[PDB]
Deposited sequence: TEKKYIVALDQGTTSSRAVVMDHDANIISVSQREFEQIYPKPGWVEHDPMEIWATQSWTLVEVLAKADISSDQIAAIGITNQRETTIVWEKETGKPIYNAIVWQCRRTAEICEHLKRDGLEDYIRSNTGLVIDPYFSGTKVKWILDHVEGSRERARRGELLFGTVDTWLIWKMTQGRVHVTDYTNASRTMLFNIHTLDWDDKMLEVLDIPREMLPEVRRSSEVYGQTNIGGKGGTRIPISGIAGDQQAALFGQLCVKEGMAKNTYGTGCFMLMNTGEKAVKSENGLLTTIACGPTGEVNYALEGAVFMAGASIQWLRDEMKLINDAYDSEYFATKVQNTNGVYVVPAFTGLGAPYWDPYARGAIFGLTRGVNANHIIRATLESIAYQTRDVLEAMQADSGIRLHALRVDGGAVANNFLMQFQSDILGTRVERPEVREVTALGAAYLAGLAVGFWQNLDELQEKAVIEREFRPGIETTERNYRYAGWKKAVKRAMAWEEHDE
């Protein structure tokens, strides 16, 4: 009867809803976009409500627009943006401040303090993280101390805190459930990760009442029922990345994928052990083959697809993301030009909040095409940057990188990437790899599936990009690239 499953995707710039068949075919897609709030420079916010509305809209049209009824889909899977924080009035069921995006940089001050007070190591050690406005730890704080009663209510279990997922479930289940998963948990910077639980150190250090925290659960488990009707399950939950990692079926030690979207995230699975990055990465929680904790090596890159948007929206050198390849190919080379996409500081191995974007190597004969290209190239540089650490830590030579993400369509890109990595690059047949995950996770969590090895057929690499550039050629390039970076670091006067 119940022939399908639903993947709910709460993205950085929109909400999506996806439907699959048993053969995991994409039956249908829905998707509204929602407003980006830059209260001020470096600041990003969302309307927890807007976020919500969308996502629901999504949910339904899917439904209708394909003419499926609540009576035919197993469960629901769920994926979302990862650091972005929410806090709301419970009773009221209203947010007491707009969602603060992972993107947002307001929590810098704080970050600085912490730094002082010799905590890096507790953090790195117990959170697998690092000090940076990225993670919600400080986000949360920022709110607390910015709102009045706040800490009281909070303390008196009055105020609720969530992560996209968290916040979603709440609504699904009308206030009934206040849970989250591990992956997602991880991300907060208030969660011991070999302990699988909140961490008082932080909790108090950050000064947060355990009262508003939510039940941290497994990624592939049943969390509740949604009477979207005809009560529907919620059995899936991951960070879009882990999500996608899962969907790429990197579901066991040394498997990795690089994702090319608004940003860049390359996760590598560390199986059951959590490995410590000595080279500027993140230690984080993933999914093992059942929705079960696993560990992962993570490189996060703030600007990727976004620079492209920049290009199109603020410089207006292009009209389409699409356009970029045509122009890039319009020239033979970057003409010596280098573009450092540190619009938001650096991160990745760098983690330099004072970096600022920069263009280098200008010469009279350089033109917009050259600038465009350079831009794309930067994306690859970045990706190599981390690849290298990954290997550093990992102690593993990937011979093939499996990618995914919106921009994995830019073939130029794709091939440039292979060329500079000196590695083979695999472009999967399907692309909604993320949803994939949450949908798996979900129905795996419902015995809609009794294995990975069923959906293992969805994993069909469509395109293999082999390197075609000379090793020299290769390092040549990379050199200047770093030359650049150095020059862009520490711009911001602190």
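Enquirer: Given the full deposited sequence, which segments carry no C-alpha coordinates?
Expert: Holes in the chain trace, numbered from 1: 1, 231 to 234, 500 to 501.
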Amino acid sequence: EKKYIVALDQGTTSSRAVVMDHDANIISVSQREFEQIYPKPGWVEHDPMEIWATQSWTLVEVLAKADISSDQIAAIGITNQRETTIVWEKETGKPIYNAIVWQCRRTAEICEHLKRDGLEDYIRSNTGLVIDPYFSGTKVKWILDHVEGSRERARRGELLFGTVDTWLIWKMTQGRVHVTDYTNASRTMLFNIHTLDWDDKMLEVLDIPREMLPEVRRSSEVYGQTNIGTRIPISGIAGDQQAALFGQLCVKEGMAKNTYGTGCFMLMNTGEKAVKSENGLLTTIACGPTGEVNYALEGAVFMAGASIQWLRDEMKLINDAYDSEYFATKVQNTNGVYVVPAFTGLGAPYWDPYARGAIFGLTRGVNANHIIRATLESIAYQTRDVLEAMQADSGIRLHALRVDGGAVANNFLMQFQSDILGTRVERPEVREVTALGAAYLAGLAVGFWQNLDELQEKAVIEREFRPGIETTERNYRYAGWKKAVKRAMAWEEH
From here on, numbers count along this sequence of modelled residues.
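Enquirer: Averaging only over Cα atoms, indicate whether 359 to 367 or 125 to 133 has the higher B-factor in the PDB entry.
Expert: The recorded data point to 125 to 133.
Enquirer: On mean Cα temperature factor in this entry, is 394 to 402 or 192 to 200 the higher one?
Expert: Between 394 to 402 and 192 to 200, it is 192 to 200.
Enquirer: Could you tell me which one of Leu436, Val425, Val460, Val44 shows the highest CA temperature factor in the PDB record?
Expert: It is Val460.
Enquirer: By the entry's C-alpha temperature factors, tell me which of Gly347, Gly162, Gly93, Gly247 sits highest.
Expert: Of the candidates given, the C-alpha B-factor peaks at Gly93.
Enquirer: Using the B-factors in the PDB entry, rank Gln225's C-alpha atom against the chain and give the third, lowest, middle or highest.
Expert: Tercile = highest for this residue's CA B-factor.
Enquirer: When the modelled residues of the chain are sorted by Cα temperature factor, does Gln72 land in the lowest, middle or highest third?
Expert: Within its chain, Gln72 is a highest-third residue by C-alpha B-factor, going by the deposited values.
Enquirer: Is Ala490 in the lowest, middle or highest third of its chain when residues are ranked by C-alpha B-factor?
Expert: Its C-alpha B-factor, which the entry lists for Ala490, ranks in the lowest third among residues of this chain.
Enquirer: State the tercile, meaning the lowest, middle or highest third, of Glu109 with respect to the CA B-factors recorded for its chain.
Expert: Answer is middle: the recorded C-alpha B-factor places it there.
Enquirer: Thinking about Cα B factors across the chain, which third does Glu278 belong to?
Expert: Its C-alpha B-factor, which the entry lists for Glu278, ranks in the middle third among residues of this chain.
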